[PDB]
């Protein structure tokens, strides 16, 4: 009933295929890293070696847009990355989209200053106009409310991105945003690097919040390196 996994193929070229987005339709992929004991932070960078950086950069290269919660904002491509993106018919650098319920973003933000192009600000119908005026010249502000003008509806958010030709979506956090995607069951795929460390009880998980679900996912692949990291890809359902 059990089978041993082992190294069977040196990844030839072949990696982007293992992380391909579907040929059509919207697809929301998350990429996170955690310790063996489920801790997300030490930031997570301390747990991330060269292999994980390689996967991380690849997933950014494949994405139309990278969606990030505003807590975490408090995107570089190199020549080859830009080439590959252009060949596949994408913008040279992926768009950044920042999720905020309050819209309380400052112009003086690091996020607005060191980019090639204006990020998207994804927010509610209720604060969209004022946010649009305050961020004039810096960001495109998009209302992502469903039935309730005072909240962000995750399915609507995803649809708003798709409607702008940004159907291949990547999110890297933070844990609150990811927790809402998981709670609302709009997360299509989780790529998770399992780092070979234990960190003890203090650290938070890769998801936080009040939500509680039991969403079955299918294991699409597990990669590894000599350092004993596991680079996993799981897909609904």
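If you superpose the two forms and keep the largest set of C-alpha atoms that fall within 1.5 Å, you have the rigid core. Positions refer to the first chain, counted from 1.
Taking 80-88 and 104-112 in turn, the stretch whose Cα atoms are more displaced from the shown form in 6 other deposited structures of this protein following rigid core superposition is 104-112. With each structure aligned by its rigid core, the stretch whose Cα atoms sit farther from this model in 6 other deposited structures of this protein, between 44-52 and 164-172, is 44-52.
In the deposited sequence, the stretch from residue 74 to residue 75 hides 4 to 9 residues that have no coordinates. Per the record, residue 42 and residue 43 are separated by 1 to 3 deposited residues that have no coordinates. Checked against the record, the higher mean CA B factor of 106-114 and 157-165 lies with 106-114. Taking the mean C-alpha B-factor of each stretch as recorded, 142-150 and 81-89 are not equal, and the higher mean is that of 81-89. Per the deposited record, 210 carries the highest C-alpha B-factor of all listed residues (210, 196, 49, 69). Note on the listed residues 4, 235, 8, 230: the highest Cα temperature factor in the record is that of 8. Ranked against the other modelled residues of its chain, the C-alpha B-factor of residue 188 as given in the entry falls in the lowest third. Among the modelled residues of its chain, residue 100 has a C-alpha B-factor that falls in the middle third, as given in the PDB entry.
Ranked by C-alpha B-factor against the other modelled residues of its chain, residue 137 falls in the highest third.
Ranked by C-alpha B-factor against the other modelled residues of its chain, residue 214 falls in the middle third. Residue 15: CA B factor in the highest third of modelled residues in this chain (values from the PDB entry).
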